[PDB]
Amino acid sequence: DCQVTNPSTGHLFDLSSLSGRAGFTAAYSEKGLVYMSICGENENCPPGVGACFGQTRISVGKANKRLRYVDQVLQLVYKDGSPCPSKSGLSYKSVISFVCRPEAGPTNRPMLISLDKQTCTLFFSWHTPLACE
């Protein structure tokens, strides 16, 4: 249910306050965006899809709720997106990484920071106080 524990302190991280089908957007390119929900599908995307391009609604990853803890970062990986334009045989995937930010940012939305074209992986970051222990 969108929660994970730091194996070494027992601290429970809960990202459920960011969950839900309404979700968020992240800026893509110059005027575009990506629609995304946390730990579940997004209402603007095809059924079961957690993140998709806003212009086309094409999937960049199927939703899941497998939140993981790795070196102080909480992460989700939505795989099995649509066919990769840059490499035959591959499907888009979205990695969403939550990092502690003691004070919430002025905008406070996820950011698409990189798109690895060789593997069609979209890397997103969200610096949030919910990732602080």
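Numbering starts at 1 and runs along the sequence shown.
Undergrad: Note whether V77 lacks coordinates in a third or more of the other compared entries that model its flanking residues.
TA: Looking at the other entries that model residues on either side of it, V77 is present in every one.
Undergrad: Checking the other PDB entries with both flanking residues built, is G50 absent in a third or more?
TA: In all of the other entries, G50 has coordinates.
Undergrad: As stated in the PDB record, which stretch has the larger average Cα B-factor, 104-112 or 57-65?
TA: Here the higher of the two C-alpha B-factor means belongs to 104-112.
Undergrad: Taking the recorded C-alpha temperature factors, which stretch has the higher mean, 75-83 or 29-37?
TA: 29-37 has the higher mean C-alpha B-factor.
Undergrad: With respect to the C-alpha temperature factors reported in the PDB entry, which of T121, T9, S17, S125 ranks highest?
TA: Spelled out: the listed residue with the top C-alpha B-factor is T9.
Undergrad: Sorting the chain's CA B-factors, does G50 end up in the lowest, middle or highest third?
TA: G50: CA B-factor falls in the lowest third of its chain.
Undergrad: Going by what the PDB entry lists, where does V99 fall on CA B-factor within its chain: lowest, middle or highest third?
TA: Ranked within chain, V99 CA B lands in the middle tercile.
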